[PDB]
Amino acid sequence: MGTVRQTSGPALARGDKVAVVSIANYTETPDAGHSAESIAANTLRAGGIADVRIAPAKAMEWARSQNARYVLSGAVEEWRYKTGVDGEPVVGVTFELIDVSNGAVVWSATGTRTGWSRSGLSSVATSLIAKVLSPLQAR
């Protein structure tokens, strides 16, 4: 299993500052949202966004006080191994890119992936998130 569906979106520039804010965790894996935040932040940087920062702890005023052009947020819908020995890793994530200038979602995407029996969950999550956020590469 596995689909990535994304909208159109803006061309990000290297100098666009992006804050990663509170990716919700809708799974029973503790800290899956925080894992998705750390992976997503490094993905955005690896794609050429110079200045990416994860929020600590509306949230618009936090991003503006950070001089951020965009806020990347989203939700983890699935982040687990299926039950049983050799149960496969499954990942499901949604992202939204929020234009801090006007508050509107200017880009979003949903991605899911089902790994093989042999796969690691973090490998599957890291590959999927990189693919999902690929339209947000810079330059």
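Residues carry their position along the shown sequence, with the first being 1.
Counting the deposited residues that fall between residue 85 and residue 86 and carry no coordinates gives zero. When the C-alpha B-factors of 63-71 and 38-46 are averaged, 63-71 comes out higher. Stretches 109-117 and 75-83 differ in mean CA B factor, with 109-117 having the higher one. The PDB entry assigns its highest CA temperature factor, among 97, 32, 57, 91, to 57.
Residue 20 sits in the middle third of its chain by CA B factor, as recorded in the PDB entry. Among all modelled residues in this chain, the alpha-carbon of residue 136 has a temperature factor (C-alpha) in the middle third.
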